[PDB]
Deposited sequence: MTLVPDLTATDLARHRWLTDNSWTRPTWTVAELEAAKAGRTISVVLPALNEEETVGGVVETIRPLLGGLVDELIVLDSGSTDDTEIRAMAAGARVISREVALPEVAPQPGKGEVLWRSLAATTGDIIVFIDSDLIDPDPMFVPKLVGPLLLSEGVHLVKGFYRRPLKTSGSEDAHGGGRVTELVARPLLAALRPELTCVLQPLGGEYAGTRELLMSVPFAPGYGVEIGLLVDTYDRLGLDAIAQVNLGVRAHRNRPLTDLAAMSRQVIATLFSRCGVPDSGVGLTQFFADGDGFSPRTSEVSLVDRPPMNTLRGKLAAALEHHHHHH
């Protein structure tokens, strides 16, 4: 028979998941009600794709989208200049948050982007996407603009998740936070959140950032605050060593949130969380 996890999943899908997120750009603009929207593309040596991603979002600039920023992580290729020519604002880690020395990894970039943006809603889109669709941003912000109580929207793709998602993230969530197994692509890089939420949570480093944000949001607000939207079809993207490193950090970040100690020992082959940005810039009682 059904479990409590099953029952919650079914109703969460009914209320908080959209297979056909067909809101129009015009209706979303009309719903902003004074809120502004920032779009952030984290980038490190993505010269072949960053411009193409920017180009798909640029038509929204000045209407639905208020700012379009490429947060560069120290690229040595032509990422920055291609993002400039394509119509984005390029901001380095150092300019985004001058008072803190950078550390490596994606989570650092997304955290710093909170200091460099002003939008009430922040949308993250990976800069390595080959086939970005222009409706990604509208779909991601729909539930934030139209659905009471939602603070985090995860974009998922139908396929014509991957290995880390299905072997590592979802099974560990089943063990530790089973309600969150309803989220189809918990590691996805296309997602949006409110400034209120994102400024208030720590940011995990590196490959842990997505899972960390998902679990921190759940632990504070539960499923009601999390939604997901189908962004369309896309094929699964990596070398096993990259995936194993990803997994190891997903494990470390989940463990840090779920009361499991971690040796700190990285993968044998043959760094810390950043505090909430509201400690530097700018309820759901259990009683």
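Stretches of the deposited sequence left without coordinates are 1-5, 166-176, 254, 288-302, 315-321, 327, in sequence order.
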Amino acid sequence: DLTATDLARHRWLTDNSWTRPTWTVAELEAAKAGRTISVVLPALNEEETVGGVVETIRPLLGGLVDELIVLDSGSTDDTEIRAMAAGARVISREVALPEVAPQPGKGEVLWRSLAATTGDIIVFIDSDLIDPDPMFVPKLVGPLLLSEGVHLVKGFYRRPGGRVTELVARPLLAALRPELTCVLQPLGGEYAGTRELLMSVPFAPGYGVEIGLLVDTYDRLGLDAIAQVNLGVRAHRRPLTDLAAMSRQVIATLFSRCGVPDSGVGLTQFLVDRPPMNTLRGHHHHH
From here on, numbers count along this sequence of modelled residues.
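The PDB entry records a higher mean C-alpha B factor for 239-247 than for its counterpart among 239-247 and 257-265.
When 91-99 is weighed against 112-120, 91-99 comes out higher, by mean CA B-factor as recorded in the entry. Per the PDB record, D133 has a higher Cα B-factor than any other of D216, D72, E190, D133. For the set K139, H151, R159, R170, the PDB entry puts the maximum C-alpha B factor at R159. In the deposited entry, the Cα temperature factor of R163 places it in the highest third of its chain's modelled residues. Among the modelled residues of its chain, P104 has a C-alpha B-factor that falls in the highest third, as given in the PDB entry. Ranked by C-alpha B-factor against the other modelled residues of its chain, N16 falls in the lowest third.
Ranked against the other modelled residues of its chain, the C-alpha B-factor of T76 as given in the entry falls in the highest third. Ranked against the other modelled residues of its chain, the C-alpha B-factor of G232 as given in the entry falls in the highest third.
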